[PDB]
Amino acid sequence: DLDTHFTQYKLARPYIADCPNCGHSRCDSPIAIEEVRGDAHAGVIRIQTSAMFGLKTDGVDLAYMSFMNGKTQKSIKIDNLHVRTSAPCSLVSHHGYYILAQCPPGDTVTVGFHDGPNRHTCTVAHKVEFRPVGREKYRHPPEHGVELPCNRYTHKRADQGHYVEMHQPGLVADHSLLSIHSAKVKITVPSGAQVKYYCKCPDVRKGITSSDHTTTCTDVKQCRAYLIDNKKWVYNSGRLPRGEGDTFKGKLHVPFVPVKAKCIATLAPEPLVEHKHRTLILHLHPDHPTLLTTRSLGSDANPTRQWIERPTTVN
Amino acid sequence: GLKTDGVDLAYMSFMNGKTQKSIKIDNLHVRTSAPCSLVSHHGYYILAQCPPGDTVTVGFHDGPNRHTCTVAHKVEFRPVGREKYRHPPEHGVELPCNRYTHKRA
Amino acid sequence: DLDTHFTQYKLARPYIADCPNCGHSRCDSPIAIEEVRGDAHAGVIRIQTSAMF
Amino acid sequence: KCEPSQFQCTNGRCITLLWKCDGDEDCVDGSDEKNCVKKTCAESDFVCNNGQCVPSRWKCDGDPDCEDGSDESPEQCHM
Amino acid sequence: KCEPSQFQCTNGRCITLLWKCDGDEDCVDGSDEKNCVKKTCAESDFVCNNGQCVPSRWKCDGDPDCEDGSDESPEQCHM
Amino acid sequence: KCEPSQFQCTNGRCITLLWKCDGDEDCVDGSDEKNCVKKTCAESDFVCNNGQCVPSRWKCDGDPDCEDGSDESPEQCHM
Amino acid sequence: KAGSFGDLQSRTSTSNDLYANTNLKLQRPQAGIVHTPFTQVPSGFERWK
Amino acid sequence: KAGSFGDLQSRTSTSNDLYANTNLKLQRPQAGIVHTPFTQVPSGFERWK
Amino acid sequence: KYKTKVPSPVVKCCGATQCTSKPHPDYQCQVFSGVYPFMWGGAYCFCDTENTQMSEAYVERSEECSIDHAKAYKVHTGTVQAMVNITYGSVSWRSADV
Ligand SMILES: [Ca+2]
Ligand SMILES: [Ca+2]
Ligand SMILES: [Ca+2]
Ligand SMILES: [Ca+2]
Ligand SMILES: [Ca+2]
Ligand SMILES: [Ca+2]
């Protein structure tokens, strides 16, 4: 069932963190790229974001995602969610904070999704590359060849013993809930949000309220506000401020853990052998850079090793 | 930014034949080797942040028409400093550079 | 005339054949790229598929 | 045609037993997501009218946590 | 202003004579596709209501083959 | 927080004073463009009913140069 | 030599007879799919060019 | 030597005692944004491979 | 291959903060003063030009260490054994390792 995998992820919520090159001027993005993993053997990468995929407030669904604008969590159907590095990658799966994709090599990682006319893009620099399997340096997995042992990120969202922790969110500063009532500033607290305040208009008047609390000073610029929401936890990123007290550790499983399976490698064309007195001549005609290693079966091996890129003849 | 009646930044004007058409900017795209991100546009001029490559294209969808043009122009990434990076980092050392203005003046 | 060049393609049908890398795991698709021909001088190419255009 | 510790759907492809109605249709026809029993809900959670289990802390907080909204109905919470 | 083996449309461009009424608009207005005669059907093909040539093997096959659906009419196929 | 020769938007960001309500929302919420007085129109231009200014030469030329069409109205043009 | 200049020789431009050695070798199909994989050295006319 | 082969040594794959010197140096966050930057030398295991 | 984990940094709005010496592989801790951070929805707080950001970090092994890793061995000379195939007379071949 879906509820087994989405058990602890229902208790969590998205967040807004710092993203460099979100548009052109490094805004605060609803989806923020953290900790790209790209060390498989088929060019398949795993991207962890700050949004939530495969989750809706009402119920779990694989065609609905959850994100945050302001302080309100919004749910939008996944319509155009794209990952591109230098060409548009074909994403495999998504589960909570994580996206799995199959990307061509390049120097950047980009994600984006629309809801209405918005764009919501984040780009984080990261050098991904294609890692072939075997002694031939191909640039794409072939139609046919020889099976070789390879390790790749599986597309199953099971537990598999790997965990990450989630924490209570830190105070979040909202400036939209401070307004002037008639000539004094007023605090609007939505649904028991317990807004903290800090005024230094003639002096310090720090304190915690839960309802109304019209502050007795003039300007909105000389007072700050916060918000302690404790309903849903968040993953402790490095782009979020920590809490005040001691914070418990959660246990959120990493869905797409690395496994070891099978990979397809290219087979080189057969060389043409010519026999001479104590001499072996190989006419090699390769299409990819290929490795040729020889040795002798005597007391000294005398090993040779060279990468063949052009059609050469070796004696 | 011009619609033949006033100033509106979500509108563009072009010519088909001898009639000055004017539509709304729906999908204006500039790509070099990956689709670039636009910054601003004012009159004849567009400003965009592009990856390196050998071609510069720009097109716009009027109705069902495509209306694309391409020119061969080699554009390179130019790092500032004594390290040759291929994309500006999240954190580092601030150094003086020269870029085109964000504003229209 | 347009009907002259379609006097033998009318009698043919598309077919479903396997191809590598549909999405992630190499399905059987109505589109199946065979014999990409790129021996041109301007970068132009001709692609033969299994669908009908 | 595989080991009895493996499962085969109506197409013929053989998958493992751990992929039996786990939520993902592994083979083409998706018959692996058809015939299995529904698990029971926890005692510490609150049961909705449609059966969506929510934690008991989320009951009577002034926010919808269910599709049917039975966790915030006046019949289930005296106001 | 070109060779007699070439054809010139009204704009001024010159195309070859093989590109006259062959199916595609080559220059802007497509004047080569405006004034050209129409050839007959073959003797082994059946002519539908709109004039399309379809083979007689496809006649009364139970499936729509013509544009107007005249290949499966009870008027032209005695039932 | 910054120099009085720099403008501080109400979010907290400080921009320069040459960027004072020049058309672009330079801060996040766009409080820069809200409070500055409107500039006068040119004396050699015809003032439209919507505040726009079009060149006199363009008046009664048979082409609508205004948004509301006040430059080609029969009340404003005597034929 | 199948990869240098004479991997495909025809007596005229439209001759029916054709000499061709290219080290073409058949490969086994894998995992139960219908395709014919082969393996051969690249062309000698491209390598000469 | 933090960059060649022994920059991360553990006795067992399920062990709990780790030795790792990777020249990890924290850096100052700039321009008033909430992030934690650092710098360190590249892994010796990926260099050895 | 290692993986470095960064916890959430603490932000003291106007004051000072210190950190202890936690037992961790390659543990690092610092204090940066006068940052004035800018989150979404305005600045974080009011106490100008003196603050404190901790931003600790520490390293750990990665989740790919269970799949591919290099094992370090020290050798010492041991046994040599072989498998022989033998026959004699009218008795057929029988094999056993020695
Ligand atoms: Ca399943
Ligand atoms: Ca509730
Ligand atoms: Ca034509
Ligand atoms: Ca028929
Ligand atoms: Ca402005
Ligand atoms: Ca006019």
# chains A, B, ... in the order shown; residues from 1 in each chain; ligands from 1
$ residues_around --residues "residue D:9" --least-positions-apart "2" --cutoff "9 Å" --atoms "only C-alpha atoms" --output "MDAnalysis selection string"
chainID D and resid 7 11:15 27:32
$ calpha_fit_rmsd --fixed "chain D" --moving "chain E"
0.6 Å
$ select_by_dssp --residues "chain B" --states "strand (DSSP E)" --output "MDAnalysis selection string"
chainID B and resid 11:16 19:24 28:31 37:42 45:49 53:60 68:75
$ closest_atom_pairs --of "chain B" --to "ligand 5" --cutoff "12 Å" --atoms "only C-alpha atoms and all ligand atoms" --output "CSV"
residue,atom,partner,partner_atom_place_in_ligand_line,distance
B:102,CA,ligand 5,1 (Ca),11.4
B:103,CA,ligand 5,1 (Ca),9.0
B:104,CA,ligand 5,1 (Ca),10.4
B:105,CA,ligand 5,1 (Ca),11.4
$ write_last_selection --atoms "C-alpha atoms" --output "mmCIF file, in the first residue's frame"
data_model
loop_
_atom_site.group_PDB
_atom_site.id
_atom_site.type_symbol
_atom_site.label_atom_id
_atom_site.label_comp_id
_atom_site.auth_asym_id
_atom_site.auth_seq_id
_atom_site.Cartn_x
_atom_site.Cartn_y
_atom_site.Cartn_z
ATOM 1 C CA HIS B 102 19.815 45.321 -14.921
ATOM 2 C CA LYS B 103 17.984 48.636 -15.334
ATOM 3 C CA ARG B 104 16.747 50.568 -18.372
ATOM 4 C CA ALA B 105 18.070 54.137 -18.474
#
$ residues_near_ligand --ligand "ligand 3" --cutoff "10 Å" --atoms "only C-alpha atoms and all ligand atoms" --output "NGL selection string"
(:C and (1-2)) or (:E and (15-27 or 30-34))
$ write_last_selection --atoms "N, CA and C atoms" --output "PDB file, in the first residue's frame"
ATOM      1  N   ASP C   1       1.444  15.730 -58.510  1.00  0.00           N
ATOM      2  CA  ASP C   1       0.257  15.745 -57.665  1.00  0.00           C
ATOM      3  C   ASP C   1       0.534  15.042 -56.339  1.00  0.00           C
ATOM      4  N   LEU C   2      -0.272  15.359 -55.321  1.00  0.00           N
ATOM      5  CA  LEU C   2      -0.020  14.829 -53.985  1.00  0.00           C
ATOM      6  C   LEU C   2      -0.411  13.360 -53.869  1.00  0.00           C
TER       7      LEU C   2
ATOM      8  N   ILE E  15      11.819  28.488 -59.915  1.00  0.00           N
ATOM      9  CA  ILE E  15      11.934  27.105 -59.470  1.00  0.00           C
ATOM     10  C   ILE E  15      11.995  26.215 -60.709  1.00  0.00           C
ATOM     11  N   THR E  16      12.315  24.940 -60.499  1.00  0.00           N
ATOM     12  CA  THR E  16      12.427  24.049 -61.645  1.00  0.00           C
ATOM     13  C   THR E  16      11.043  23.597 -62.114  1.00  0.00           C
ATOM     14  N   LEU E  17      11.012  23.000 -63.309  1.00  0.00           N
ATOM     15  CA  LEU E  17       9.756  22.586 -63.926  1.00  0.00           C
ATOM     16  C   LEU E  17       9.175  21.320 -63.312  1.00  0.00           C
ATOM     17  N   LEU E  18       9.983  20.539 -62.590  1.00  0.00           N
ATOM     18  CA  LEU E  18       9.475  19.341 -61.926  1.00  0.00           C
ATOM     19  C   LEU E  18       8.624  19.668 -60.710  1.00  0.00           C
ATOM     20  N   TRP E  19       8.713  20.894 -60.208  1.00  0.00           N
ATOM     21  CA  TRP E  19       8.028  21.335 -59.001  1.00  0.00           C
ATOM     22  C   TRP E  19       6.700  22.019 -59.298  1.00  0.00           C
ATOM     23  N   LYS E  20       6.158  21.822 -60.498  1.00  0.00           N
ATOM     24  CA  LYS E  20       4.865  22.372 -60.890  1.00  0.00           C
ATOM     25  C   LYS E  20       3.766  21.408 -60.459  1.00  0.00           C
ATOM     26  N   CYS E  21       2.876  21.886 -59.573  1.00  0.00           N
ATOM     27  CA  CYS E  21       1.655  21.195 -59.109  1.00  0.00           C
ATOM     28  C   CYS E  21       1.936  19.793 -58.555  1.00  0.00           C
ATOM     29  N   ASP E  22       3.109  19.625 -57.944  1.00  0.00           N
ATOM     30  CA  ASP E  22       3.489  18.332 -57.390  1.00  0.00           C
ATOM     31  C   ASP E  22       2.939  18.101 -55.990  1.00  0.00           C
ATOM     32  N   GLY E  23       2.414  19.129 -55.331  1.00  0.00           N
ATOM     33  CA  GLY E  23       1.784  18.931 -54.040  1.00  0.00           C
ATOM     34  C   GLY E  23       2.123  19.954 -52.973  1.00  0.00           C
ATOM     35  N   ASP E  24       3.335  20.500 -53.009  1.00  0.00           N
ATOM     36  CA  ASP E  24       3.826  21.379 -51.958  1.00  0.00           C
ATOM     37  C   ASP E  24       3.943  22.808 -52.471  1.00  0.00           C
ATOM     38  N   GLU E  25       3.584  23.763 -51.616  1.00  0.00           N
ATOM     39  CA  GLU E  25       3.758  25.178 -51.916  1.00  0.00           C
ATOM     40  C   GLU E  25       5.232  25.533 -51.738  1.00  0.00           C
ATOM     41  N   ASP E  26       5.906  25.860 -52.843  1.00  0.00           N
ATOM     42  CA  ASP E  26       7.342  26.085 -52.795  1.00  0.00           C
ATOM     43  C   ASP E  26       7.660  27.553 -52.521  1.00  0.00           C
ATOM     44  N   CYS E  27       7.150  28.455 -53.359  1.00  0.00           N
ATOM     45  CA  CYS E  27       7.299  29.876 -53.091  1.00  0.00           C
ATOM     46  C   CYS E  27       6.150  30.330 -52.189  1.00  0.00           C
ATOM     47  N   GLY E  30       2.436  29.921 -53.715  1.00  0.00           N
ATOM     48  CA  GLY E  30       2.168  28.611 -54.275  1.00  0.00           C
ATOM     49  C   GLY E  30       1.441  28.649 -55.603  1.00  0.00           C
ATOM     50  N   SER E  31       1.897  29.517 -56.514  1.00  0.00           N
ATOM     51  CA  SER E  31       1.247  29.675 -57.812  1.00  0.00           C
ATOM     52  C   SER E  31       1.404  28.452 -58.709  1.00  0.00           C
ATOM     53  N   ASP E  32       2.410  27.610 -58.460  1.00  0.00           N
ATOM     54  CA  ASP E  32       2.566  26.382 -59.229  1.00  0.00           C
ATOM     55  C   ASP E  32       1.496  25.349 -58.896  1.00  0.00           C
ATOM     56  N   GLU E  33       0.848  25.463 -57.738  1.00  0.00           N
ATOM     57  CA  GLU E  33      -0.211  24.550 -57.332  1.00  0.00           C
ATOM     58  C   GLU E  33      -1.605  25.111 -57.586  1.00  0.00           C
ATOM     59  N   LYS E  34      -1.719  26.196 -58.349  1.00  0.00           N
ATOM     60  CA  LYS E  34      -3.002  26.848 -58.578  1.00  0.00           C
ATOM     61  C   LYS E  34      -3.637  26.476 -59.909  1.00  0.00           C
TER      62      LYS E  34
END
$ residues_around --residues "residue B:10" --least-positions-apart "5" --cutoff "10 Å" --atoms "only C-alpha atoms" --output "PyMOL selection string"
chain B and resi 1-3+23-26
$ write_last_selection --atoms "N, CA and C atoms" --output "tab-separated table (two decimals), in the first residue's frame"
chain	number	residue	atom	x	y	z
B	1	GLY	N	7.49	45.87	-25.14
B	1	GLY	CA	6.97	46.90	-24.28
B	1	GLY	C	6.04	47.88	-24.95
B	2	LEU	N	5.90	47.82	-26.27
B	2	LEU	CA	5.05	48.72	-27.03
B	2	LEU	C	3.94	47.92	-27.70
B	3	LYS	N	2.70	48.42	-27.63
B	3	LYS	CA	1.53	47.78	-28.25
B	3	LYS	C	0.80	48.67	-29.29
B	23	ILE	N	0.82	41.67	-30.17
B	23	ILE	CA	0.28	40.58	-29.38
B	23	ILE	C	0.90	40.60	-27.99
B	24	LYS	N	0.47	39.64	-27.17
B	24	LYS	CA	0.98	39.47	-25.82
B	24	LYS	C	2.12	38.47	-25.82
B	25	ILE	N	3.18	38.77	-25.07
B	25	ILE	CA	4.35	37.90	-24.98
B	25	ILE	C	3.96	36.65	-24.20
B	26	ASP	N	3.78	35.53	-24.90
B	26	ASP	CA	3.44	34.28	-24.25
B	26	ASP	C	4.68	33.43	-23.98
$ interface_residues --of "chain B" --to "chain A" --cutoff "8 Å" --atoms "only C-alpha atoms" --output "VMD selection string"
chain B and resid 33 to 34 37 39 86 to 90
$ write_last_selection --atoms "N, CA and C atoms" --output "short mmCIF file (atom, residue, chain, number, x, y, z; two decimals), in the first residue's frame"
data_model
loop_
_atom_site.label_atom_id
_atom_site.label_comp_id
_atom_site.auth_asym_id
_atom_site.auth_seq_id
_atom_site.Cartn_x
_atom_site.Cartn_y
_atom_site.Cartn_z
N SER B 33 22.84 26.74 -26.26
CA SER B 33 22.90 25.29 -26.25
C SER B 33 21.94 24.68 -25.24
N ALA B 34 21.52 25.45 -24.24
CA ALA B 34 20.45 25.19 -23.30
C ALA B 34 19.55 26.42 -23.30
N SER B 37 17.80 32.01 -19.54
CA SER B 37 16.83 32.71 -18.71
C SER B 37 16.88 34.19 -19.04
N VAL B 39 16.19 38.28 -18.78
CA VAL B 39 16.34 39.24 -17.69
C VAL B 39 15.38 40.40 -17.90
N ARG B 86 33.15 27.13 -14.37
CA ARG B 86 32.22 27.03 -15.49
C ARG B 86 30.80 27.47 -15.13
N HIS B 87 30.56 27.86 -13.87
CA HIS B 87 29.29 28.40 -13.42
C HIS B 87 29.57 29.18 -12.15
N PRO B 88 28.93 30.32 -11.92
CA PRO B 88 29.19 31.11 -10.71
C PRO B 88 28.73 30.38 -9.46
N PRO B 89 29.56 30.36 -8.42
CA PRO B 89 29.28 29.51 -7.26
C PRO B 89 28.31 30.18 -6.29
N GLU B 90 27.86 29.37 -5.32
CA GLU B 90 27.00 29.88 -4.26
C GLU B 90 27.78 30.79 -3.32
#
$ residues_near_ligand --ligand "ligand 4" --cutoff "8 Å" --atoms "only C-alpha atoms and all ligand atoms" --output "PyMOL selection string"
chain E and resi 58-66+69+71-72
$ calpha_fit_and_write --fixed "chain G" --moving "chain H" --output "JSON list (two decimals) with C-alpha atoms, in the first residue's frame"
[["chain", "number", "residue", "atom", "x", "y", "z"],
["H", 1, "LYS", "CA", 41.96, -5.15, -45.65],
["H", 2, "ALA", "CA", 38.35, -4.47, -44.50],
["H", 3, "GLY", "CA", 39.05, -1.05, -42.99],
["H", 4, "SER", "CA", 41.30, 1.14, -45.15],
["H", 5, "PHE", "CA", 40.24, 1.58, -48.79],
["H", 6, "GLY", "CA", 39.04, -1.62, -50.50],
["H", 7, "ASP", "CA", 36.35, -2.87, -48.15],
["H", 8, "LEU", "CA", 33.66, -2.34, -50.82],
["H", 9, "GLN", "CA", 34.68, -2.57, -54.49],
["H", 10, "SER", "CA", 32.30, -2.43, -57.46],
["H", 11, "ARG", "CA", 33.23, -2.23, -61.14],
["H", 12, "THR", "CA", 30.51, 0.27, -62.09],
["H", 13, "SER", "CA", 28.04, 2.43, -60.14],
["H", 14, "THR", "CA", 25.20, 0.48, -61.81],
["H", 15, "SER", "CA", 26.98, -2.89, -61.68],
["H", 16, "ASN", "CA", 25.60, -6.01, -60.00],
["H", 17, "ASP", "CA", 28.74, -7.80, -58.72],
["H", 18, "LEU", "CA", 30.02, -6.57, -55.36],
["H", 19, "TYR", "CA", 33.06, -7.52, -53.30],
["H", 20, "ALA", "CA", 32.86, -6.54, -49.63],
["H", 21, "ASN", "CA", 34.54, -7.96, -46.54],
["H", 22, "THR", "CA", 33.60, -5.86, -43.51],
["H", 23, "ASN", "CA", 34.23, -8.41, -40.69],
["H", 24, "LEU", "CA", 30.48, -8.81, -40.18],
["H", 25, "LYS", "CA", 29.84, -10.97, -37.11],
["H", 26, "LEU", "CA", 26.37, -11.72, -35.77],
["H", 27, "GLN", "CA", 25.71, -11.49, -32.04],
["H", 28, "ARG", "CA", 23.27, -13.24, -29.74],
["H", 29, "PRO", "CA", 20.00, -11.44, -28.94],
["H", 30, "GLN", "CA", 19.74, -10.94, -25.19],
["H", 31, "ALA", "CA", 17.05, -10.81, -22.48],
["H", 32, "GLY", "CA", 14.29, -12.29, -24.67],
["H", 33, "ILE", "CA", 13.53, -9.48, -27.12],
["H", 34, "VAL", "CA", 13.11, -9.63, -30.89],
["H", 35, "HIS", "CA", 16.05, -7.82, -32.49],
["H", 36, "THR", "CA", 19.11, -8.74, -34.54],
["H", 37, "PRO", "CA", 22.41, -7.29, -33.27],
["H", 38, "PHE", "CA", 25.72, -7.42, -35.11],
["H", 39, "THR", "CA", 29.19, -5.90, -35.04],
["H", 40, "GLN", "CA", 31.60, -4.85, -37.79],
["H", 41, "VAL", "CA", 34.54, -2.50, -38.36],
["H", 42, "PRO", "CA", 33.92, 1.08, -39.58],
["H", 43, "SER", "CA", 33.94, 1.88, -43.31],
["H", 44, "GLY", "CA", 37.31, 2.52, -44.92],
["H", 45, "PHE", "CA", 35.86, 5.16, -47.25],
["H", 46, "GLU", "CA", 34.91, 7.34, -44.28],
["H", 47, "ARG", "CA", 38.30, 6.57, -42.71],
["H", 48, "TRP", "CA", 40.16, 7.52, -45.91],
["H", 49, "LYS", "CA", 38.27, 10.83, -46.15]]
$ decode --residues "stretch 174-191 of chain A" --atoms "N, CA and C atoms" --output "PDB file, in the first residue's frame"
ATOM      1  N   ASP A 174       7.825  36.781   9.741  1.00  0.00           N
ATOM      2  CA  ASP A 174       6.825  37.238   8.789  1.00  0.00           C
ATOM      3  C   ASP A 174       6.517  38.700   9.072  1.00  0.00           C
ATOM      4  N   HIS A 175       6.707  39.541   8.060  1.00  0.00           N
ATOM      5  CA  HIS A 175       6.443  40.971   8.169  1.00  0.00           C
ATOM      6  C   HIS A 175       5.063  41.384   7.644  1.00  0.00           C
ATOM      7  N   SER A 176       4.292  40.430   7.127  1.00  0.00           N
ATOM      8  CA  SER A 176       2.974  40.732   6.588  1.00  0.00           C
ATOM      9  C   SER A 176       1.886  40.752   7.650  1.00  0.00           C
ATOM     10  N   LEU A 177       2.169  40.276   8.862  1.00  0.00           N
ATOM     11  CA  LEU A 177       1.180  40.224   9.928  1.00  0.00           C
ATOM     12  C   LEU A 177       1.320  41.374  10.918  1.00  0.00           C
ATOM     13  N   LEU A 178       2.120  42.386  10.592  1.00  0.00           N
ATOM     14  CA  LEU A 178       2.204  43.621  11.366  1.00  0.00           C
ATOM     15  C   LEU A 178       1.598  44.752  10.545  1.00  0.00           C
ATOM     16  N   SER A 179       0.555  45.378  11.083  1.00  0.00           N
ATOM     17  CA  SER A 179      -0.089  46.506  10.430  1.00  0.00           C
ATOM     18  C   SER A 179      -0.526  47.508  11.487  1.00  0.00           C
ATOM     19  N   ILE A 180      -0.740  48.742  11.048  1.00  0.00           N
ATOM     20  CA  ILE A 180      -1.187  49.815  11.928  1.00  0.00           C
ATOM     21  C   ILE A 180      -2.707  49.787  12.007  1.00  0.00           C
ATOM     22  N   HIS A 181      -3.236  49.806  13.231  1.00  0.00           N
ATOM     23  CA  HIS A 181      -4.685  49.737  13.429  1.00  0.00           C
ATOM     24  C   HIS A 181      -5.338  51.089  13.158  1.00  0.00           C
ATOM     25  N   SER A 182      -5.038  52.082  13.990  1.00  0.00           N
ATOM     26  CA  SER A 182      -5.410  53.467  13.734  1.00  0.00           C
ATOM     27  C   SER A 182      -4.197  54.382  13.707  1.00  0.00           C
ATOM     28  N   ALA A 183      -3.400  54.373  14.774  1.00  0.00           N
ATOM     29  CA  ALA A 183      -2.110  55.043  14.803  1.00  0.00           C
ATOM     30  C   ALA A 183      -1.057  54.224  15.528  1.00  0.00           C
ATOM     31  N   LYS A 184      -1.382  53.006  15.957  1.00  0.00           N
ATOM     32  CA  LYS A 184      -0.462  52.108  16.638  1.00  0.00           C
ATOM     33  C   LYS A 184      -0.442  50.780  15.897  1.00  0.00           C
ATOM     34  N   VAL A 185       0.674  50.059  16.008  1.00  0.00           N
ATOM     35  CA  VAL A 185       0.832  48.808  15.279  1.00  0.00           C
ATOM     36  C   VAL A 185       0.018  47.707  15.945  1.00  0.00           C
ATOM     37  N   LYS A 186      -0.571  46.837  15.126  1.00  0.00           N
ATOM     38  CA  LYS A 186      -1.393  45.736  15.607  1.00  0.00           C
ATOM     39  C   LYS A 186      -0.860  44.420  15.056  1.00  0.00           C
ATOM     40  N   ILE A 187      -0.901  43.382  15.887  1.00  0.00           N
ATOM     41  CA  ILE A 187      -0.413  42.054  15.536  1.00  0.00           C
ATOM     42  C   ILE A 187      -1.606  41.165  15.216  1.00  0.00           C
ATOM     43  N   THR A 188      -1.597  40.560  14.032  1.00  0.00           N
ATOM     44  CA  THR A 188      -2.641  39.631  13.616  1.00  0.00           C
ATOM     45  C   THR A 188      -2.082  38.216  13.693  1.00  0.00           C
ATOM     46  N   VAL A 189      -2.639  37.401  14.581  1.00  0.00           N
ATOM     47  CA  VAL A 189      -2.167  36.029  14.750  1.00  0.00           C
ATOM     48  C   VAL A 189      -3.201  35.044  14.206  1.00  0.00           C
ATOM     49  N   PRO A 190      -2.844  34.248  13.193  1.00  0.00           N
ATOM     50  CA  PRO A 190      -3.816  33.311  12.614  1.00  0.00           C
ATOM     51  C   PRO A 190      -3.850  31.948  13.290  1.00  0.00           C
ATOM     52  N   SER A 191      -5.005  31.618  13.883  1.00  0.00           N
ATOM     53  CA  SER A 191      -5.362  30.274  14.353  1.00  0.00           C
ATOM     54  C   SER A 191      -4.378  29.738  15.396  1.00  0.00           C
TER      55      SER A 191
END
